[PDB]
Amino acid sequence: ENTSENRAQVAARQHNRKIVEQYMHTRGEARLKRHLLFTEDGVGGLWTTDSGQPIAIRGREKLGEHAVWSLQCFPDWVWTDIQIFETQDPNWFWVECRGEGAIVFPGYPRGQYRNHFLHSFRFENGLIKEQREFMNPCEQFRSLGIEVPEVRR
């Protein structure tokens, strides 16, 4: 039905999608300004770690600071094979993609990291309130030369 309320939901979804697109395509020195796509108190980070607990970066300015470190850790990172999924919630999107780049972590040899990824993006007032990355940490272990435990099946 073509009502004001359905139009507002569609418009929100359309603006939000453009922001998810911009986010996934941000490369190089532009990564230092990606934090500006977040709400002041927005959160980003990695939900799948070896420890089992998320590594959550809280607040737009914290996200900006961490982006400096990750530009050294992942100096040429690119996302590839990007698929964006809109949902019933105009303020919630999922993304499936791959990613590849050098990995340069303190205390490890320099490596090449490739993985498959799922991302969750929640919006409030047109800016990103929560971004969460999901991946298989065993692939990152391989990239760092960390022996991967194996489950006998």
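So that the term is clear: the rigid core is the largest set of C-alpha atoms that superpose within 1.5 Å between two forms. Residue numbers here begin at 1 and follow the sequence given.
Core-superposed in 8 other deposited structures of this protein, which stretch deviates more in Cα positions, 135-143 or 7-15?
Result of the core-fitted comparison in 8 other deposited structures of this protein: 7-15 deviates more.
Given 128-136 and 7-15, the range whose Cα B-factors average higher in the PDB entry:
According to the PDB entry, the answer is 7-15.
Identify the stretch, either 50-58 or 83-91, whose C-alpha atoms have the larger mean B-factor according to the entry.
Per the PDB record, 50-58.
Can you pull the Cα B-factors for 113, 121, 117, 69 from the entry and say which is highest?
Going by the entry's C-alpha B-factors, 69 comes out highest.
Determine, from the deposited record, the chain-internal third of the Cα B-factor for residue 101: lowest, middle or highest.
Ranked within chain, residue 101 CA B lands in the lowest tercile.
B-factor third for the C-alpha atom of residue 44 within its chain
Bottom third by C-alpha B-factor.
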